[PDB]
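# The sequence isn't on hand, but the structure is:
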């Protein structure tokens, strides 16, 4: 009965890192097929999505707006240190929060805790 | 046809129409291999890029940010009339203007003339 987190990320290092860390406290799944994310989300029923918006061949901006037609669950963006994002931007893009790479797991933990309640 | 325009677009109908319309005034190229877009842009050396930011599996904002590490040329985003794209977003993501599908060719022509001036 742990909270379910779905991770949209193509970097297997990052995915492994997050699965290792978060699995103690959450049911964590990552994308299997990037062309099937709507079905994967319908089937998995996550409580929260971690959405990397820096993936070259998965348009995180497009897909967040598409998912927002259907979902009210929190979406936390994973952004780049390079990129300069803020909460106004995150909200206008359909997100609830953001965290920039490279990030501390401690900061991610605090954000996950606060948001999931 | 001296000005060079590169179009990042996977709708082949839009590419065909734009190539045909712009042929009179511009040297126009589009994507040959979506795995090699950055390299094609480096090879073609456009004066302007039309970057569709609605492609589900090519992250237009990511690639604009990558291109902005070494190009200062104008980039006009192609968006969708029902999405949340506005000028604040266009400029914040490294673009210089945007045009929303479906769009007027007269508006595109005016935008191209103005920003290539």
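All right, it came through fine. Numbering: from 1, shown residues only, chains lettered A, B, ... in the order given.
# For chain B, what is the nearest residue in chain A?
Residue of chain A nearest chain B, by C-beta to the nearest C-beta: residue A:59 (4.5 Å). Yep, even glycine has a C-beta here, placed from its N, CA and C like the rest.
# Was I right to think that residue contacts residue B:64?
No: assessed by C-beta atoms under 8 Å, residue A:59 is found out of contact with residue B:64, at 11.8 Å.
# Can you check which residues contact both of the two?
residue B:53 (C-beta atoms under 8 Å, 6 or more residues apart in numbering or on different chains).
# what about these two, which has more around it?
Comparing residue A:59 with residue B:64 by other C-beta atoms under 10 Å in any protein chain shown, the one with more neighbours is residue A:59, at 24 against 20.
# for the spatially closest residue to the more buried one that is not a sequence neighbour, what are its contacts?
Spatial nearest neighbour of residue A:59, excluding adjacent residues (C-beta to C-beta, 6 or more residues apart in numbering or on different chains): residue B:59 at 4.5 Å. Contacts for residue B:59 (C-beta under 8 Å, 6+ apart) come out as A:53-61.
# go on, residue A:91?
Residue A:91 neighbours (C-beta under 8 Å, 6+ apart): none.
# how distant is the helix or strand hosting it from the center of its chain?
For residue A:91, the element it lies in under DSSP states H and E is helix A:87-92. Centre-to-centre, helix A:87-92 and its host chain are 15 Å apart (C-alpha atoms, centre = their mean, to the nearest Å).
# In contact with residue A:33, which residues are there?
So residue A:33 contacts residue A:40 (C-beta under 8 Å, 6+ apart).
# if I look at the nearest residue to residue A:75 once chain neighbours are set aside, how far off is residue A:69?
With sequence-adjacent residues excluded and distances taken as C-beta to C-beta, 6+ apart, residue A:75 is closest to residue A:49, at 4.7 Å. As judged by C-beta to C-beta, to the nearest Å, residue A:49 and residue A:69 stand 14 Å apart.
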